[PDB]
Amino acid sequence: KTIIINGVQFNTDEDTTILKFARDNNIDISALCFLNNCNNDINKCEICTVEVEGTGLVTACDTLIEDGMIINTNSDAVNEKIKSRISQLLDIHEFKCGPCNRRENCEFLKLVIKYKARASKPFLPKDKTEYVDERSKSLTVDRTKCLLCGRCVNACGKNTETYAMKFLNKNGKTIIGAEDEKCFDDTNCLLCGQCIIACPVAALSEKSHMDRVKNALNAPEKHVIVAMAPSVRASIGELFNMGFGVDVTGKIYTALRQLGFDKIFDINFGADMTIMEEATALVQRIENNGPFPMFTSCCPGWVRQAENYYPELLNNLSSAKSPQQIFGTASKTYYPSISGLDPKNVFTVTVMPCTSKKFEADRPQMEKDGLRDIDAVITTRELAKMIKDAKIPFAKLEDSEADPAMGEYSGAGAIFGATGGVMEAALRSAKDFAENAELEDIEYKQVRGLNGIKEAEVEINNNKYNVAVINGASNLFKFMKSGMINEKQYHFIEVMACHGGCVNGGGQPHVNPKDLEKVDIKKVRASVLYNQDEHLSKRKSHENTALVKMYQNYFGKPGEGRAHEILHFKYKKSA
């Protein structure tokens, strides 16, 4: 094929779109509604408009290149078309970037600046209450910012296949939202926040917990613990112009101390706990020849998916609490026993790459004697915002260490944030538990990677067992519906709602689609975790000294008695 673009001749054999071919050859073509290899089929944004000689104006993002095409990407007609579309978007957009949470990384603002577009008449809604939905424990909608680009709908479709995010006809105009415009929590929505990640503007956000945290910090009698998820140390640096794949653990500890948190712990400790319980439970099921399979339960998105689509699997879920909740429980029980603090004055805050964690933390039964396991959950973005608001020079901070009591962790706990990490850690402990030995080779590279469905045959003590890692909610649906679950007998199955694992969580920093083309964000974020695992002395959860001390001195033997009674949570289906 011979393609003429802006007077430049190309000879190619590729069968692709104008947009992709142009961007492969460093030709600038703007785009908005195009993301995840699809656009808004109904109301195309037409920001990707180009001029094809003989045909007229076309959308580059969904138009294949053809031999003889003469394309102009920067003609006056094209620019006036694009500018017109952007102006029409501005007509329904509250253009107040000042207090906006996407001010520093908004795509729409970049487009407005680029094409110098102005609204025909500024959209200044006086009461935004009709435009805002904050009923959810995880997600919030601000339709004064919504461009109706459909990116959240497509992302929900491709990531979860639930289509919990839909186009709706409200009042006679189109909005996006949950089924029947209900609160997302009350639908089949997983609260995974992939829709947020896909959003180019501030229309979709996480349910803020920053005020809980601030009020707790400023409350004289409250002792505020903070603990960050595995993924946070591999991600937040992005929001401080430090680049991708940068380990910023120590800087985070320092920043948290400067924020005024009273205790600095780590969720990876909780991960080691979860492994302590779950590996024990797995060995128990192995020696009892059942029941099989056992599913992980640490992902609240997956838990909600099971609740809403496969309740019969609820009794197959591990009873071990997630690292977050198990850490919280221990923070309300064990921690006061080694600190002298009044448990009621303890306020436990987690930092998560996840929006669903907010819902998990606010589950009614996630408490004991009137004390919440977790009192607040802030996302990576929220923590970054809190750091910036405090004018803390994050990139220049010196490394500090976490408080040891519930802050030490192994590499096994460290790799939790990546798909297949929980599986690998769990196997590392379970083999040692079952064989009553301390094995050398602990790396299970078969369960790693971005493959949607991963399988492995592991040999434990005498026999062989089948494990599966489900990478993404849509892949859970595929795994179940295709009957892959019935092809063989599975014994242990990991499920993560977000493809790539928690490193690609709904509470993670937004990334420019261009940088998304430049960088494999999932592998790069996971690389930090695996690198931490490689260079750590202890690489098994049961080799965690602080954790071993905690079990020996307080909880006793895992998987039973005190440990089972306090550190476990069971989901029950309804009759």
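Start at 1 and count along the sequence shown; that's the residue number.
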query: Mean C-alpha B-factor comparison - 98-106 and 230-238, higher one; finding: 98-106
query: Average Cα temperature factor in the PDB entry - higher stretch of 395-403, 145-153; finding: 395-403
query: Largest Cα B-factor, entry values, listed residues 31, 50, 70, 546; finding: 70
query: Selection by C-alpha B-factor (highest) of 201, 496, 390, 252; finding: 390
query: Residue 307 CA temperature factor, ranked by third within the chain; finding: middle
query: Entry-reported Cα temperature factor of residue 483, expressed as the chain third it lands in; finding: middle
query: Residue 180 - which third its CA temperature factor falls in, relative to the rest of the chain; finding: middle
query: For residue 60, the third of its chain into which the C-alpha B factor falls; finding: lowest
query: Residue 248 by Cα B-factor - lowest, middle or highest third of the modelled chain; finding: middle
